[PDB]
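# Working through the structure, step by step
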Amino acid sequence: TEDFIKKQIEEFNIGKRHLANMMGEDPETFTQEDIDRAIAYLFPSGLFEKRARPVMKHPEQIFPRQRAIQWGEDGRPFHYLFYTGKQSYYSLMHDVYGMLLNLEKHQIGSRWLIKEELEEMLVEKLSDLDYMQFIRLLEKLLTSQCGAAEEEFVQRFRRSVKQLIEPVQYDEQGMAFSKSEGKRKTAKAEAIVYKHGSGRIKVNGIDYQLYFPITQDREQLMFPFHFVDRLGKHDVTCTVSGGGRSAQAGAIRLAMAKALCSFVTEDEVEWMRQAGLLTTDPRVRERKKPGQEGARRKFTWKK
Amino acid sequence: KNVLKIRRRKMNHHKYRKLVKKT
Amino acid sequence: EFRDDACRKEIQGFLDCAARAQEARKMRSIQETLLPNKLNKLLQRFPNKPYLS
Amino acid sequence: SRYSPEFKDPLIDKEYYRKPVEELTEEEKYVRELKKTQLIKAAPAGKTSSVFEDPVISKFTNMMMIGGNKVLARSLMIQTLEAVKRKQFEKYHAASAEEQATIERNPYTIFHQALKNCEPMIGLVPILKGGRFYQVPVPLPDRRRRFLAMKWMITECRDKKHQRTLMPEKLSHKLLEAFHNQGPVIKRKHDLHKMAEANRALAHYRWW
RNA sequence: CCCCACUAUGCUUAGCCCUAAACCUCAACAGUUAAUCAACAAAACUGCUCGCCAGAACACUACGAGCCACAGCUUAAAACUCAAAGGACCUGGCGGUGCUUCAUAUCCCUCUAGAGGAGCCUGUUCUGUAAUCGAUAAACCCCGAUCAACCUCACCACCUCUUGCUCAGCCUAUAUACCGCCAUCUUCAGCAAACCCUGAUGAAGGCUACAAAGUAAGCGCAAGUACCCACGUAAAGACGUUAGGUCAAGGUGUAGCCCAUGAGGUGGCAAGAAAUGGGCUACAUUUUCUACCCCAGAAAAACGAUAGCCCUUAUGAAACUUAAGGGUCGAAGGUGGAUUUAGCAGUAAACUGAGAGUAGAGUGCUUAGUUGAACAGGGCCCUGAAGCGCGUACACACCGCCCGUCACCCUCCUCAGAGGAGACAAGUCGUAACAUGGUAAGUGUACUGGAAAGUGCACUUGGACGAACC
Ligand SMILES: [K+]
Ligand SMILES: [Mg+2]
Ligand SMILES: [Mg+2]
Ligand SMILES: [Mg+2]
Ligand SMILES: [Mg+2]
Ligand SMILES: [Mg+2]
Ligand SMILES: [Mg+2]
Ligand SMILES: [Mg+2]
Ligand SMILES: [Mg+2]
Ligand SMILES: [Mg+2]
Ligand SMILES: [Mg+2]
Ligand SMILES: [Mg+2]
Ligand SMILES: [Mg+2]
Ligand SMILES: [Mg+2]
Ligand SMILES: [Mg+2]
Ligand SMILES: [Mg+2]
Ligand SMILES: [Mg+2]
Ligand SMILES: [Mg+2]
Ligand SMILES: [Mg+2]
Ligand SMILES: [Mg+2]
Ligand SMILES: [Mg+2]
Ligand SMILES: [Mg+2]
Ligand SMILES: [Mg+2]
Ligand SMILES: [Mg+2]
Ligand SMILES: [Mg+2]
Ligand SMILES: [Mg+2]
């Protein structure tokens, strides 16, 4: 009830001041983020679900939205559509229909809110088909050359919706380079690509043809540079650890592509992304499950 | 309706015909 | 003697005909997708009344 | 699949990415603009923009693989190609200038043509009408045809008839036979076609 | 039942026969649509008349009677027996049930690798022993056990003790009394208290979005969370189903033992005629040995045991029997029948470690990691799933029900002894009926047959034909 919420608010203010005293911070400038940090320090809880940890927030955020009494002491409900049981939703529908009538007589940057968003706006429970009907009505409103007087309303239900180029450093001798990192399976690679070079590649201090004796891995190393047609132009130093030969080659490939992004043009960077050079392979070994031979292999069934 | 009564009558009649043929 | 060397035109016709059959299946499926569902919806909108209201 | 549905397979073609912007139709420009704002999978370790990349040979090596030994499978493939090329060069040099015009030495071309020859045009599929399945002749998709050609080639190589003969030599010899339209693989394809023709009477059992 | 041939017969004539689900199961005549009406069916009634009915079965029967009927038809009882029989519905299951749509390692084809063929490891069933117990279709079978030389141990033989380690004890029976922890569908998404309405206020049912009586708190899913993302894998997965597993984890009700079914000690079984399940090793040339961890050299009838025998070593008090190493031998086997397992991607497959538990002990189990695939497109016979329907004699719910023959004993009736009925009651041969009951069912009649019953002709729906066109 409202009196209970007011008492909770007063208790919250008293507690906020007490916590400011406890942390020695100024009560006046003592913010919600500071409250959160102080509570986290005072009551450290490692429960994974953040909602399970101690919270000292404002009553407005703590308690849900309680729909107000919709009829006075006289018994007469306030809203003319109260008896529909969905007065807010039907009022909204009625207003949208009126706007559509008015328009009919007179004449990637956003999205439609979700049903939960609409429900929270209306503090009412809706249905999938109710939401679909409302969205269809809104779509018709938009398409019907909705003017500013209509777009103002429409936007209330609208919700808004490239590789990061690394900086180029300069060595002690002044030659420019770019550094990047890349992980594949269990292999991690760090690559330094020089602006001007003869194509030499040194992996863990060993030349690439000696480190990766496999033509497949050398092809993987070639792929980044070959794509943007810069073979023989940049020298490379890679330090890679973990995983097998193929995983290490893939990690070096990713690191080299990310580093080379800085030295290629923006169109080249986008082309590499679309070619998949710049995306981290999320495929990693699946954990074995108890009671089955492998990650997916199950024990031979015995009928 | 099921035909249980008709089946009972049929069995009785078949048995009676067989008995008359036998004797 | 099944030597494809001396039956190239017939083999190519067979292959192209099979490809056209696949295309026909696909186009027919998409086009088929009045429908019984629509008809039932209309009948529901205007249902039979074998009784007294 | 660790990749969410949003992710799209990468396209690897330097020519496609270097195509002039003026040459692009409205739909092609739209496709490029859409991919500008799409998630793309990581480039698989099996393919690259290498001008020498051959998808057919890559797939053949994959089919020949045994237990994730990509290294051994690729080694066998390259040995087969080298053996084919060496045999062709020997024949070319030992042959007269007139027939040297026809003698072909490109191992990739020989491989492609041998597979295309081995591709079976019409297959036998079980079709069930009235509750009884019968091996009805049926047209095959190109994917199935290519796969059947490759599988027959590889199985013929793996057969135990050729004892103490290394896979490179076995496969090179069989590939040359197929290129010249001879050998057990072509025999098997003709046998499949003959069975289909014999069962031609059941074609109508198909419904699609 | 399906196919072929052929007869009586179906036809005409003259007589007989006089039966049908002869049913529109709805009598004739006259009348009404008003205050309805158990259910279903083909709405409810009024007046008048005739015929008929009075629990089921015995019984379209026996006797008597009549008849051109001679294995017949019409009329038609009684005795013994039972507490039901029956008609219509609702719910559930079931259907060799219909249509439509699906299964995403999934039911079939399709891809990969396997099992089913050899040896070995190991579990189980059987055989054996004086020598455990429990699981034992899916949902048991390297399962309780992340583990048996003694111990573990609950087993057998012998010996020993009796207020007993315990304010005793019992691995004694009961998982069909239970808690506890679980399998199972579940690779589901529904379960739902409290209300309201519909059915004449019956069991019951409650949907249509251009919406027509549903609202639902809560639980589950979902959401949230661990792992590396928001993906995926985990985890989670309600109500219930199989009286599903465990009285041997422990406790626990009931019952039972108390000079023993309790306790202790020594020794000992734990094997293979043989079948079968899972795994390991191989059958090699994409192989084997060596070096190296990927530019090599040799082998190649040899490949192939982790099997057997001998020796050593590790642990231990105890080692032929446990493990490791070495020597010795080089065995079966040459990619495997129908059938069958798993897998949708860092997955299958191959390879390499680590951990649990032990003093020691697994080819087992858990788990980290490396390399790393092919198909992913068609369908519905079978499996199944859903939706909408149909039938239903099943309700312990098709592993159901139930018919008839034959023999298994009593009551009654007819009878010169034998038949008939009923009851009791377990069998034998089939599966005739109930689902389209797997050939729809049945009436009359005729022939045939262990037996239900089959077939021929006509008749009935007390079956259906999926209900716009396709
Ligand atoms: K096998
Ligand atoms: Mg009888
Ligand atoms: Mg009639
Ligand atoms: Mg009669
Ligand atoms: Mg009589
Ligand atoms: Mg008489
Ligand atoms: Mg499967
Ligand atoms: Mg065997
Ligand atoms: Mg047992
Ligand atoms: Mg048992
Ligand atoms: Mg002992
Ligand atoms: Mg023992
Ligand atoms: Mg005891
Ligand atoms: Mg139980
Ligand atoms: Mg969840
Ligand atoms: Mg799970
Ligand atoms: Mg039980
Ligand atoms: Mg049991
Ligand atoms: Mg005892
Ligand atoms: Mg040995
Ligand atoms: Mg010793
Ligand atoms: Mg040897
Ligand atoms: Mg039947
Ligand atoms: Mg029948
Ligand atoms: Mg009949
Ligand atoms: Mg007959």
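Residues numbered from 1 in each chain as written, not as in the entry; some residues may be left out. Chains lettered and ligands numbered in written order. Part of a larger assembly, values for the part shown. Heavy atoms only, no water.

Structure determination for this PDB entry was carried out by cryo-EM, with a resolution of 3.3 Å recorded in the header.

This next bit is on the arrangement of the chains. By number of contacts, the leading pair among the two pairs of chains in contact is chains A and D. The closest approach of any C-alpha atom in chain A to one in chain C is 16 Å; the two make no contact. In this assembly chain B lies apart from chain D, the nearest approach of their C-alpha atoms being 34 Å. (Contact = heavy atoms within 4.5 Å.)

In this section: the side chain of A:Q274. With respect to the helices and strands, A:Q274 occurs in helix α11 (residues 266–275). Ignoring any residue separated from it by four or fewer positions in sequence, one finds A:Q274 in contact with D:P10, D:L11, D:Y17, D:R32, D:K35, D:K36 and D:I40. (Helix = DSSP H or I, 4+ residues; strand = E, 2+ residues; numbered from the N terminus.)

Moving on to the packing of aromatic side chains. Residue and element names in this part refer to chain A. Tallied over the entire structure, the rule returns 15 aromatic pairs over all chains. Centre to centre, the rings of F4 and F63 are 5.7 Å apart; their planes meet at 85°, and the pair counts as edge-to-face. You can see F4 sitting in helix α1 (residues 2–23) and its partner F63 sitting in the loop between α3 (59–62) and α4 (87–106), a full 59 residues away along the chain. A relative accessible area of 23% places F63 in the partly exposed class. Here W71 and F82 contribute two aromatic rings whose centre-to-centre distance is 5.8 Å and whose plane-to-plane angle is 70°, an arrangement assigned as edge-to-face. Linking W71 in the loop between α3 and α4 with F82 in the loop between α3 and α4, this pair joins segments that are 11 residues apart in sequence. Its relative accessible area of 41% is what places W71 among the partly exposed residues. (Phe/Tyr/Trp six-rings, centres within 6.5 Å; stacked < 30°, edge-to-face > 60°. Buried < 20%, exposed > 50% of the residue type's maximum accessible area, 1.4 Å probe, protein only.)

A few words on unusual backbone geometry. All names here are of chain A. Here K185, not a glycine, exhibits a phi torsion of approximately 50°, which is positive. Examined against the element boundaries, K185 turns out to sit in the loop between β4 (176–184) and β5 (187–194). Residue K185 is classed as exposed on the basis of its relative accessible area of 55%. Phi angles above zero are rare outside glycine, and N204 is one such case at about 50°. Here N204 is to be found in the loop between β6 (201–203) and β7 (206–207).

Below, the discussion takes up the pairing of strand β2 (residues 132–139) of chain D. Residue and element names in this part refer to chain D. Where strand β1 (residues 122–129) meets β2, eight bridges bridge the pair, whose relative direction is antiparallel. Counted as the bridge partner of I127 is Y134 from β2. What sits between β1 and β2 in their antiparallel hairpin is a turn of two residues, with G130 showing a positive phi close to 75°. (Pairing = 2+ DSSP bridges.)

With that out of the way, let us pick up a nonpolar patch on the surface. Together, C:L34, C:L39, C:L42, C:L43 and C:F46 make up a nonpolar patch on the protein surface, roughly 550 Å² of accessible area in all. According to the relative accessible area criterion, C:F46 is exposed, its value standing at 57%. (Patch = residues over 30% accessible without salt bridge, like charges linked within 9 Å, V, L, I, M, F, W, Y side chains within 5 Å. Areas by Shrake-Rupley, 256 points an atom, 1.4 Å probe, with all protein chains shown as cover. Salt bridge = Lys/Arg side-chain N within 4 Å of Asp/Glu carboxyl O.)

At the interface, 11 residues of chain C touch 13 residues of chain D. Of the roughly 1,000 Å² buried between chain C and chain D, counting both surfaces, carbon and sulfur atoms make up 61%. The largest share of the area that chain C buries against chain D comes from C:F2, C:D4 and C:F14, three residues that together contribute 49% of it. On inspection of chain C and its partner chain D, the count reaches two salt bridges. (Buried area = accessible area lost by both parts, 1.4 Å probe.)

Note that A:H226 resides in helix α9 (residues 215–227). A residue is classified by how much of its surface remains accessible, and A:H226, at 10% relative accessible area, is buried. At 2.8 Å, the side chain of A:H226 forms a polar contact with the side chain of D:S49. Not counting residues within four places of it along the chain, the set of residues in contact with A:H226 comprises A:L231, D:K14, D:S49, D:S50 and D:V51. (Polar contact = N/O pair within 3.5 Å; in protein donor to acceptor, adjacent residues only side chain to side chain.)

Let's shift gears to the pattern of salt bridges. Residue and element names in this part refer to chain A. Going through the model one piece at a time under the given rule, you end up with 25 salt bridges over all chains. The residue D128 makes a salt bridge to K115 at a minimum N-O spacing of 2.2 Å. Remark: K115 occurs in helix α5 (residues 115–122) and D128 occurs in helix α6 (residues 128–143); sequence separation between them is 13 residues. Close ionic contact of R296 with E286 constitutes a salt bridge, the shortest N to O distance being 3.0 Å. Note that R296 is positioned in the segment after α11 and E286 in the segment after α11, a separation of 10 residues in sequence.

Moving on, we get to the packing of helix α3 (residues 55–64) of chain D against helix α4 (residues 70–94) of chain D. Residues and elements named next belong to chain D. Direction vectors running N to C along α3 and α4 enclose 125°, while the axes themselves pass 9 Å from each other. Our classification of the angle between α3 and α4 gives oblique. Here the hand of the crossing between α3 and α4 comes out right-handed. Here α3 contributes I57, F60, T61, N62 and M64 to the contact with α4, which in turn contributes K70, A73, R74, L76, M77 and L81. Here the contact of α3 with α4 is built from residues that sort into seven nonpolar, two polar and two charged. (Axes fitted to C-alpha atoms, helices over the stretch in contact; angles between N-to-C directions. Parallel < 35°, antiparallel > 145°, perpendicular 65-115°, else oblique. Left-handed = near helix turned anticlockwise from the far one by under 90°. Nonpolar A, V, L, I, M, F, W, Y, C, P; charged D, E, K, R; others polar.)

On to the protein's contact with RNA strand E. Taken together, 98 residues sit near RNA strand E, with A:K185, A:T186, A:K288, D:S1 and D:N62 positioned nearest. Put simply, 69% of the atoms of RNA strand E that lie within 4 Å of the protein are in sugar or phosphate. Here a phosphate oxygen of RNA strand E and a side-chain polar atom of D:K59 are 3.1 Å apart. Side-chain polar atom of D:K70 to a phosphate oxygen of RNA strand E: 3.4 Å apart, as the coordinates give it. In terms of residue count, helix α1 (residues 4–22) of chain B provides more of the surface near RNA strand E than any other element does, 18 residues in total. Tallied by class, residues from the surface near RNA strand E come to 35 nonpolar, 22 polar and 41 charged. (Near = heavy atom within 4 Å.)

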